[PDB]
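The next block is work.txt, given as compact mmCIF, C-alpha atoms.
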```
# COMPACT_ATOMS: atom_id res chain seq x y z
CA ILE A 99 100.19 113.67 130.69
CA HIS A 100 99.21 117.22 131.72
CA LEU A 101 95.85 115.92 132.92
CA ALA A 102 97.81 113.29 134.84
CA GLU A 103 99.81 115.89 136.77
CA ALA A 104 96.64 117.93 137.31
CA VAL A 105 94.93 114.87 138.80
CA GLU A 106 97.97 114.10 140.95
CA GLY A 107 97.93 117.63 142.37
CA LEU A 108 94.19 117.44 142.98
CA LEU A 109 94.61 114.17 144.89
CA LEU A 110 97.49 115.63 146.90
CA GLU A 111 95.37 118.65 147.82
CA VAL A 112 93.48 116.69 150.48
CA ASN A 113 96.15 118.18 152.76
CA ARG A 114 95.03 121.64 151.62
CA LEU A 115 91.41 120.65 152.23
CA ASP A 116 92.34 119.71 155.79
CA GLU A 117 94.43 122.88 156.23
CA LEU A 118 91.66 125.26 155.16
CA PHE A 119 89.61 123.98 158.13
CA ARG A 120 92.07 125.77 160.44
CA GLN A 121 91.86 129.11 158.61
CA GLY A 122 90.93 132.37 160.30
CA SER A 123 87.71 132.70 158.30
CA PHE A 124 86.62 129.10 158.90
CA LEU A 125 87.45 129.34 162.60
CA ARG A 126 85.65 132.70 162.78
CA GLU A 127 82.41 131.39 161.31
CA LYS A 128 82.67 128.22 163.41
CA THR A 129 83.04 130.23 166.62
CA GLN A 130 80.14 132.48 165.61
CA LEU A 131 77.92 129.49 164.80
CA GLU A 132 78.83 127.83 168.10
CA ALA A 133 78.02 131.14 169.79
CA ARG A 134 74.55 131.25 168.20
CA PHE A 135 73.54 127.67 169.03
CA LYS A 136 75.05 128.09 172.50
CA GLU A 137 72.99 131.28 172.89
CA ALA A 138 69.88 129.25 172.09
CA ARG A 139 71.00 126.56 174.54
CA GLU A 140 71.67 129.24 177.16
CA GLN A 141 68.17 130.63 176.66
CA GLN A 142 66.77 127.14 177.25
CA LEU A 143 69.15 126.69 180.20
CA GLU A 144 68.01 129.98 181.74
CA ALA A 145 64.38 128.93 181.38
CA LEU A 146 65.25 125.65 183.11
CA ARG A 147 67.21 127.52 185.79
CA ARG B 148 97.72 147.20 153.28
CA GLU B 149 93.97 146.61 153.15
CA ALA B 150 93.86 145.38 156.75
CA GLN B 151 95.90 148.34 158.01
CA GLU B 152 93.65 150.74 156.10
CA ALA B 153 90.61 149.07 157.68
CA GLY B 154 92.27 149.29 161.10
CA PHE B 155 92.76 145.61 161.97
CA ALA B 156 95.86 143.62 162.94
CA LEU B 157 97.08 140.89 160.58
CA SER B 158 98.17 137.97 162.79
CA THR B 159 99.87 135.18 160.87
CA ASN B 160 99.50 131.59 162.08
CA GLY B 161 102.04 130.26 159.59
CA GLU B 162 100.75 129.52 156.11
CA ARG B 163 97.38 130.81 157.32
CA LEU B 164 96.39 134.35 158.28
CA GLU B 165 93.80 135.87 160.59
CA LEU B 166 92.54 139.27 161.73
CA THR B 167 92.65 140.48 165.33
CA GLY B 168 90.48 143.51 166.06
CA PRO B 169 87.26 144.76 167.65
CA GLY B 170 84.28 142.60 166.79
CA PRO B 171 83.34 141.11 163.42
CA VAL B 172 85.49 142.07 160.44
CA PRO B 173 83.92 143.74 157.37
CA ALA B 174 82.58 141.35 154.76
CA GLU B 175 84.91 142.68 152.05
CA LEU B 176 87.88 142.38 154.40
CA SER B 177 86.91 138.81 155.32
CA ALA B 178 86.54 137.89 151.65
CA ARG B 179 89.93 139.40 150.82
CA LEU B 180 91.58 137.55 153.71
CA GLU B 181 90.00 134.27 152.59
CA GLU B 182 91.01 134.78 148.96
CA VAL B 183 94.59 135.71 149.89
CA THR B 184 94.99 132.67 152.14
CA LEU B 185 93.43 130.33 149.57
CA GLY B 186 95.75 131.70 146.90
CA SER B 187 98.72 131.30 149.23
CA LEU B 188 98.06 127.63 149.91
CA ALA B 189 97.27 127.11 146.22
CA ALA B 190 100.74 128.55 145.58
CA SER B 191 102.04 126.01 148.09
CA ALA B 192 100.37 123.23 146.08
CA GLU B 193 101.88 124.66 142.89
CA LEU B 194 105.24 124.68 144.68
CA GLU B 195 104.79 120.96 145.33
CA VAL B 196 103.94 120.42 141.66
CA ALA C 197 75.92 122.82 159.63
CA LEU C 198 79.66 122.22 160.03
CA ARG C 199 79.45 119.33 157.56
CA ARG C 200 77.55 121.58 155.16
CA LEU C 201 80.23 124.25 155.59
CA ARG C 202 83.04 121.76 154.88
CA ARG C 203 81.25 121.20 151.58
CA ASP C 204 80.39 124.82 150.86
CA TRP C 205 83.92 126.15 151.06
CA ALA C 206 85.09 122.77 149.84
CA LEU C 207 83.62 123.76 146.47
CA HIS C 208 84.53 127.40 147.13
CA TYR C 209 88.21 126.44 147.24
CA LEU C 210 88.03 123.77 144.55
CA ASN C 211 86.47 126.07 141.94
CA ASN C 212 89.51 128.36 141.74
CA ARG C 213 91.84 125.49 140.87
CA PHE C 214 89.31 123.62 138.73
CA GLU C 215 88.50 126.58 136.47
CA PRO C 216 91.87 126.60 134.63
CA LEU C 217 91.60 122.82 134.27
CA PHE C 218 88.15 123.24 132.73
CA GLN C 219 89.58 125.94 130.46
CA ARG C 220 92.42 123.72 129.22
CA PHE C 221 90.43 120.44 129.31
CA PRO C 222 86.97 121.28 127.92
CA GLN C 223 86.38 117.64 126.97
CA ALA C 224 87.01 116.18 130.45
CA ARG C 225 84.13 118.06 132.08
CA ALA C 226 82.40 115.03 133.59
CA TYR C 227 85.55 113.55 135.14
CA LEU C 228 86.76 116.85 136.59
CA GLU C 229 83.41 117.75 138.14
CA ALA C 230 83.04 114.20 139.49
CA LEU C 231 86.46 114.50 141.11
CA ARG C 232 85.37 117.85 142.55
CA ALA C 233 82.30 116.18 144.04
CA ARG C 234 84.43 113.35 145.43
CA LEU C 235 86.76 115.87 147.09
CA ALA C 236 83.70 117.62 148.50
CA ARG C 237 82.46 114.32 149.91
CA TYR C 238 85.90 113.69 151.42
CA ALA C 239 85.96 117.14 153.04
CA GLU C 240 82.40 116.82 154.36
CA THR C 241 82.13 113.20 155.50
CA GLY C 242 85.82 112.60 156.17
CA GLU C 243 85.77 109.34 154.19
CA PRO C 244 89.29 108.41 153.06
CA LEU C 245 90.26 109.13 149.46
CA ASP C 246 91.84 106.35 147.42
CA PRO C 247 94.53 107.60 145.00
CA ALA C 248 94.13 104.56 142.74
CA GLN C 249 90.38 104.95 142.22
CA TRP C 250 90.70 108.54 140.90
CA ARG C 251 93.43 108.62 138.24
CA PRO C 252 93.10 108.80 134.46
CA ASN C 253 94.27 105.43 133.16
CA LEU C 254 96.41 105.81 130.05
CA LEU C 255 95.27 103.49 127.27
CA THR C 256 97.35 104.71 124.29
CA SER C 257 99.03 107.79 122.87
CA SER C 258 99.42 108.94 119.28
CA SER C 259 102.87 110.20 118.37
CA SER C 260 101.74 109.62 114.78
CA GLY C 261 98.98 110.09 112.22
CA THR C 262 100.90 108.80 109.24
CA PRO C 263 100.48 105.85 109.41
CA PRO C 264 97.23 105.70 111.38
CA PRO C 265 96.97 103.16 114.22
CA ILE C 266 96.81 99.79 112.46
CA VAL C 267 95.95 97.10 115.02
CA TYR C 268 96.11 93.62 113.52
CA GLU C 269 94.67 91.30 116.18
CA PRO C 270 94.62 87.71 114.87
CA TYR C 271 93.84 86.28 118.30
CA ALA C 272 90.57 88.15 118.72
CA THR C 273 89.45 86.74 122.06
CA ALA C 274 87.39 88.95 124.34
CA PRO C 275 90.30 89.77 126.70
CA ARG C 276 92.47 90.55 123.67
CA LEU C 277 89.76 92.63 121.97
CA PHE C 278 88.00 94.62 124.70
CA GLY C 279 90.81 94.50 127.27
CA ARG C 280 91.27 92.95 130.68
CA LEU C 281 90.05 94.15 134.07
CA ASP C 282 92.67 92.80 136.44
CA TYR C 283 92.17 92.87 140.20
CA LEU C 284 94.32 93.35 143.29
CA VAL C 285 94.03 90.97 146.24
CA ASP C 286 93.81 92.61 149.66
CA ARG C 287 93.77 89.90 152.36
CA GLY C 288 91.70 87.63 150.12
CA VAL C 289 89.45 90.51 149.00
CA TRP C 290 89.08 91.20 145.28
CA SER C 291 89.44 94.90 144.48
CA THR C 292 89.53 96.89 141.27
CA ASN C 293 89.57 100.48 140.07
CA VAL C 294 90.08 102.63 137.00
CA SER C 295 93.87 102.28 137.17
CA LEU C 296 93.54 98.49 136.78
CA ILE C 297 91.81 98.64 133.37
CA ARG C 298 93.96 97.37 130.53
CA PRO C 299 93.49 98.27 126.86
CA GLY C 300 92.48 95.62 124.36
CA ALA C 301 92.50 95.75 120.59
CA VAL C 302 89.55 98.14 120.40
CA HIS C 303 91.17 100.77 122.65
CA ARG C 304 94.27 101.10 120.49
CA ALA C 305 92.52 101.00 117.12
CA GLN C 306 90.68 104.29 117.71
CA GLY C 307 91.11 106.76 114.88
CA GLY C 308 92.56 103.94 112.82
CA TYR C 309 91.83 100.45 111.60
CA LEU C 310 91.13 97.20 113.44
CA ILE C 311 92.05 94.19 111.30
CA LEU C 312 90.59 90.92 112.57
CA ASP C 313 90.46 87.39 111.21
CA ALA C 314 86.85 86.39 110.61
CA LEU C 315 87.86 82.81 111.35
CA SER C 316 89.14 83.98 114.73
CA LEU C 317 85.85 85.69 115.56
CA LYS C 318 83.93 82.57 114.52
CA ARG C 319 86.19 80.24 116.50
CA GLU C 320 86.38 82.22 119.74
CA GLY C 321 82.64 82.90 119.89
CA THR C 322 83.25 86.60 120.49
CA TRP C 323 81.40 87.78 117.39
CA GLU C 324 78.27 88.64 119.38
CA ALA C 325 80.19 90.89 121.77
CA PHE C 326 82.07 92.51 118.90
CA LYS C 327 78.82 93.16 117.05
CA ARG C 328 77.36 94.82 120.13
CA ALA C 329 80.54 96.89 120.47
CA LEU C 330 80.27 98.03 116.85
CA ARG C 331 76.58 98.93 116.94
CA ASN C 332 76.05 100.26 120.47
CA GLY C 333 79.59 101.45 121.13
CA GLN C 334 79.61 99.17 124.19
CA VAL C 335 83.16 98.13 125.05
CA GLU C 336 83.50 96.34 128.36
CA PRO C 337 86.68 94.87 129.86
CA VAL C 338 86.49 91.15 130.48
CA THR C 339 85.91 90.20 134.12
CA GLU C 340 86.82 87.22 136.30
CA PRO C 341 83.87 85.09 137.48
CA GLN C 342 85.09 84.80 141.09
CA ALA C 343 85.28 88.59 141.48
CA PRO C 344 81.70 89.79 142.04
CA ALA C 345 82.32 93.54 142.18
CA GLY C 346 82.78 94.96 138.70
CA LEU C 347 82.95 98.43 137.14
CA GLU C 348 80.02 99.80 135.13
CA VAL C 349 81.76 100.94 131.96
CA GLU C 350 79.80 103.50 129.97
CA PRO C 351 79.37 103.06 126.21
CA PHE C 352 82.24 104.45 124.14
CA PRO C 353 81.61 105.92 120.66
CA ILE C 354 83.48 103.77 118.15
CA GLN C 355 85.74 105.84 115.91
CA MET C 356 87.63 102.89 114.40
CA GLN C 357 87.24 101.17 111.04
CA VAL C 358 86.95 97.39 111.20
CA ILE C 359 88.46 95.60 108.22
CA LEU C 360 87.87 91.90 108.76
CA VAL C 361 89.99 89.56 106.65
CA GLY C 362 89.28 85.95 105.87
CA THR C 363 88.60 83.21 103.40
CA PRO C 364 85.16 83.18 101.71
CA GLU C 365 84.22 80.07 103.69
CA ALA C 366 84.96 81.85 106.97
CA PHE C 367 82.49 84.61 106.04
CA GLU C 368 79.84 82.16 104.81
CA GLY C 369 79.38 81.53 108.53
CA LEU C 370 78.90 85.26 109.19
CA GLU C 371 76.95 86.71 106.24
CA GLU C 372 73.86 84.79 107.38
CA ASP C 373 73.50 87.32 110.20
CA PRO C 374 71.64 90.41 108.89
CA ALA C 375 73.47 92.62 111.38
CA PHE C 376 76.72 91.70 109.62
CA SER C 377 75.50 93.11 106.31
CA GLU C 378 74.12 96.06 108.28
CA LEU C 379 77.58 96.84 109.69
CA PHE C 380 80.03 95.71 107.01
CA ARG C 381 79.03 96.97 103.58
CA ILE C 382 82.29 97.07 101.58
CA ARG C 383 83.20 93.73 100.00
CA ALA C 384 86.87 93.79 99.00
CA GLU C 385 86.98 90.44 97.22
CA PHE C 386 90.34 89.17 95.98
CA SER C 387 90.22 87.38 92.66
CA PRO C 388 91.88 83.97 93.14
CA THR C 389 93.34 84.37 89.63
CA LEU C 390 94.81 87.29 87.71
CA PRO C 391 94.75 87.68 83.92
CA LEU D 245 76.19 99.59 163.58
CA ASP D 246 77.21 99.38 159.93
CA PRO D 247 76.45 102.51 157.87
CA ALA D 248 76.57 100.49 154.65
CA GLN D 249 73.62 98.40 155.86
CA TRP D 250 71.50 101.58 156.01
CA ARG D 251 71.37 103.88 152.99
CA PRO D 252 68.70 105.11 150.58
CA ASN D 253 70.00 103.60 147.35
CA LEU D 254 69.53 105.87 144.34
CA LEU D 255 68.04 104.30 141.21
CA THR D 256 67.24 107.10 138.74
CA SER D 257 67.85 110.75 137.92
CA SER D 258 65.03 113.27 137.61
CA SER D 259 63.90 114.52 134.20
CA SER D 260 61.41 117.17 133.12
CA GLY D 261 59.26 114.47 131.50
CA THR D 262 59.94 115.89 128.03
CA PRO D 263 61.79 114.06 126.68
CA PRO D 264 60.44 111.13 128.71
CA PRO D 265 62.81 108.44 129.98
CA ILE D 266 63.53 106.26 126.94
CA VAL D 267 65.81 103.43 128.04
CA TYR D 268 67.15 101.38 125.13
CA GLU D 269 68.71 98.06 126.16
CA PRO D 270 69.99 96.42 122.96
CA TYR D 271 71.83 93.81 125.06
CA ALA D 272 68.96 92.04 126.82
CA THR D 273 70.16 89.92 129.72
CA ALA D 274 69.15 89.33 133.33
CA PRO D 275 71.80 91.54 135.04
CA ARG D 276 71.23 94.53 132.74
CA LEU D 277 67.42 94.29 132.59
CA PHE D 278 66.44 93.56 136.19
CA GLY D 279 69.54 94.99 137.86
CA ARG D 280 72.40 93.31 139.66
CA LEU D 281 73.11 92.28 143.26
CA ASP D 282 76.85 92.81 143.57
CA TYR D 283 78.60 91.80 146.78
CA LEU D 284 81.78 92.44 148.69
CA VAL D 285 83.93 89.42 149.56
CA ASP D 286 85.48 89.47 153.03
CA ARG D 287 88.13 86.72 153.20
CA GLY D 288 86.16 84.41 150.94
CA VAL D 289 82.72 85.18 152.41
CA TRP D 290 80.19 87.08 150.29
CA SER D 291 78.40 89.89 152.15
CA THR D 292 75.80 92.34 150.88
CA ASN D 293 74.55 95.85 151.64
```

Will you turn the file into structure tokens for me?
Amino acid sequence: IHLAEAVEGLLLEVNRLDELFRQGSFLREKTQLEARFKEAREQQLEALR
Amino acid sequence: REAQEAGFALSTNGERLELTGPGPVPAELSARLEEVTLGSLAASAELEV
Amino acid sequence: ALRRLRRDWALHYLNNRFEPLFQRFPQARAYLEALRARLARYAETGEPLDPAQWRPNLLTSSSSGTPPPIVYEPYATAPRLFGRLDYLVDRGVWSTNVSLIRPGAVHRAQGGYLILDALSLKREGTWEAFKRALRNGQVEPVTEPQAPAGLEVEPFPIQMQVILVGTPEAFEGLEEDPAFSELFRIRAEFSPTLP
Amino acid sequence: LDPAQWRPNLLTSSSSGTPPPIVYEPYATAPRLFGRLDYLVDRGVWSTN
């Protein structure tokens, strides 16, 4: 039974999995990673310009 | 307390938290923020249970 | 990289909750880590997660130990021995999962005794499957021929004791098989007459 | 485009070679020896991937 409630909570934590994608740390790294690939794209864009 | 000692502003988004301040946050501060938020939403899951 | 991240801190979150479960359930390691990987795949790919397909299906429970589980199954047909694998119909589509696995006689005789009629095994033609289940520990729920998608059930170590019961004539049709004498070695013969 | 029509299907798991892969198949039959072609039925029509 205890394993049953543990499994039920684990299944219900898909909401937590979705919520952690809008965390300050996740958003921070995402913005930084976008900044780095956009810096590469801006270097290419400046060469093209 | 740790954020204030470091000199950053703790902006809450609700269940989540984030740090507003100049430039990248220290790695230890980021790890502590992530662990605190993860524990908070784990406590929310335990509240559901 | 975003998909890799939504797997990296997928596991990074999941480990904190899974560690106490591993501590309290050291014998469910494979299931718990598989569920962790499934949650990681959900977080990364975004594929929907089916609650029915990931749930431990209760077979039996032992509120006892004196007496041990004594499962007399006189109708030892394959669905009644190894259990049934029933399906759900979704718009004419056959579907199945772990939660739709039903326990037979073998799954409630564990840690105890399974008493079968040798005449029943002979009549229902299930002796071959039962012999494989005894030797290899291969229990497999019976399936329906019109449902093509099945579930690959792993072998299950057999902890039960099988005590067949039957008339001598009913066993004369079974002792010819050498695997029978390999498995069953205790002959509890009843004298037809007492002094 | 159906993603299920395009996937590298896994068949085995790597081993160090010692012990080598010893596969014992006490139940010798066509589906368990040569493998199985399972389908999905869409409204009474068998389709494969």

For residue 378 of chain C, list every protein, DNA or RNA residue within 12 Å, evaluated using all atoms listed in the file, and leave out those in the same chain fewer than 4 positions away; present the list as number ranges by chain. C: 327, 330-331, 370-374, 382

Tell me which protein, DNA and RNA residues are within 12 Å of residue 195 of chain B, counting all atoms listed in the file, leaving out same-chain ones fewer than 6 positions away, and put them as a list in words.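 The residues satisfying every condition are residues 103, 104, 106, 107, 108, 110, 111, 113 and 114 of chain A; 188 and 189 of chain B.
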
Identify, on the basis of all atoms listed in the file, every residue whose closest approach to residue 165 of chain B does not exceed 8 Å; exclude the query and any residue fewer than 4 positions from it along the same chain; express the result as JSON, numbers by chain. {"A": [121, 122, 123], "B": [157, 158, 159, 160, 180]}

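Of the listed residues (C:209, C:202, C:284, C:305), C:209 comes nearest to chain B; the distances count only C-alpha atoms.
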
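What separates atom CA of residue 289 of chain D from atom CA of residue 349 of chain C is a distance of 25.8 Å.
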
Within 12 Å of segment 260-269 of chain D using all atoms listed in the file, minus same-chain residues under 5 positions, as a list in words: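 Counting all atoms listed in the file, the residues come to residues 328, 332, 334 and 351 of chain C; 274, 275, 276, 277 and 278 of chain D.
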
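Near chain C, counting all atoms listed in the file at 7 Å, the chain A residues are residues 102, 105, 109 and 115 of chain A.
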
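Of the residues listed (C:270, C:321, C:362, C:288), C:288 shows the shortest atom-to-atom separation from chain D; distances use only C-alpha atoms.
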
Just give me the gap between atom CA of residue 279 of chain D and atom CA of residue 294 of chain C in Å, one decimal is fine.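 Interatomic distance here is 21.9 Å.
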
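Atom CA of residue 251 of chain D lies 14.5 Å from atom CA of residue 241 of chain C.
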
Which residue is closest to chain A? Choose from B:174, B:194, B:164, B:183 and count all atoms listed in the file.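 Looking only at the distances to chain A, the closest residue turns out to be B:164.
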
Would you list which chain D residues are within 8 Å of chain C using all atoms listed in the file, as a PyMOL selection string? chain D and resi 270-271+282-288

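Any residue of chain B with an atom within 9 Å of chain C counts; using all atoms listed in the file, that gives residues 182, 185, 186 and 189 of chain B.
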
Fill-in result for segment 257-277 of chain D, N, CA, C and O atoms as a compact mmCIF listing (two decimals), keeping the file's coordinate frame:
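For reference, out-v4.txt as written:
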```
# COMPACT_ATOMS: atom_id res chain seq x y z
N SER D 257 67.65 109.31 137.89
CA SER D 257 67.85 110.75 137.92
C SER D 257 66.60 111.44 137.38
O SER D 257 65.98 110.95 136.43
N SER D 258 66.24 112.56 137.99
CA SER D 258 65.03 113.27 137.61
C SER D 258 65.15 113.83 136.19
O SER D 258 66.23 114.20 135.73
N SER D 259 64.01 113.89 135.51
CA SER D 259 63.90 114.52 134.20
C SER D 259 62.62 115.34 134.16
O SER D 259 61.69 115.13 134.95
N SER D 260 62.57 116.29 133.23
CA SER D 260 61.41 117.17 133.12
C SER D 260 60.17 116.45 132.63
O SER D 260 59.07 116.99 132.71
N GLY D 261 60.33 115.23 132.11
CA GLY D 261 59.26 114.47 131.50
C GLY D 261 59.20 114.62 130.00
O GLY D 261 58.59 113.79 129.32
N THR D 262 59.83 115.67 129.47
CA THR D 262 59.94 115.89 128.03
C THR D 262 61.38 116.29 127.72
O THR D 262 61.79 117.42 128.04
N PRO D 263 62.18 115.41 127.11
CA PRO D 263 61.79 114.06 126.68
C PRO D 263 61.58 113.09 127.84
O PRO D 263 62.23 113.23 128.88
N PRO D 264 60.68 112.14 127.67
CA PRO D 264 60.44 111.13 128.71
C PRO D 264 61.64 110.22 128.85
O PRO D 264 62.57 110.28 128.02
N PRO D 265 61.69 109.38 129.88
CA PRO D 265 62.81 108.44 129.98
C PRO D 265 62.67 107.30 128.98
O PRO D 265 61.88 106.38 129.18
N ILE D 266 63.45 107.35 127.90
CA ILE D 266 63.53 106.26 126.94
C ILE D 266 64.81 105.50 127.24
O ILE D 266 65.91 106.01 127.02
N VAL D 267 64.67 104.28 127.75
CA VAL D 267 65.81 103.43 128.04
C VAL D 267 65.87 102.35 126.97
O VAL D 267 64.97 101.51 126.88
N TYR D 268 66.92 102.39 126.15
CA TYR D 268 67.15 101.38 125.13
C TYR D 268 68.19 100.40 125.67
O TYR D 268 69.28 100.80 126.09
N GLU D 269 67.85 99.12 125.65
CA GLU D 269 68.71 98.06 126.16
C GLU D 269 68.91 97.04 125.05
O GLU D 269 68.30 95.96 125.05
N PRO D 270 69.77 97.35 124.08
CA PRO D 270 69.99 96.42 122.96
C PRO D 270 70.54 95.08 123.41
O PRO D 270 70.29 94.06 122.76
N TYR D 271 71.31 95.05 124.49
CA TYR D 271 71.83 93.81 125.06
C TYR D 271 70.88 93.39 126.18
O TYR D 271 70.99 93.86 127.31
N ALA D 272 69.95 92.50 125.85
CA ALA D 272 68.96 92.04 126.82
C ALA D 272 69.50 90.84 127.57
O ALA D 272 69.71 89.77 126.98
N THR D 273 69.72 91.01 128.87
CA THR D 273 70.16 89.92 129.72
C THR D 273 69.67 90.22 131.13
O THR D 273 69.28 91.34 131.45
N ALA D 274 69.68 89.18 131.97
CA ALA D 274 69.15 89.33 133.33
C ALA D 274 69.85 90.42 134.13
O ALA D 274 69.15 91.26 134.72
N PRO D 275 71.18 90.48 134.22
CA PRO D 275 71.80 91.54 135.04
C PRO D 275 71.51 92.95 134.55
O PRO D 275 71.37 93.86 135.37
N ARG D 276 71.43 93.18 133.24
CA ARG D 276 71.23 94.53 132.74
C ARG D 276 69.77 94.93 132.63
O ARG D 276 69.47 96.13 132.59
N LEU D 277 68.85 93.97 132.57
CA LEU D 277 67.42 94.29 132.59
C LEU D 277 66.95 94.54 134.02
O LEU D 277 66.55 95.65 134.37
```
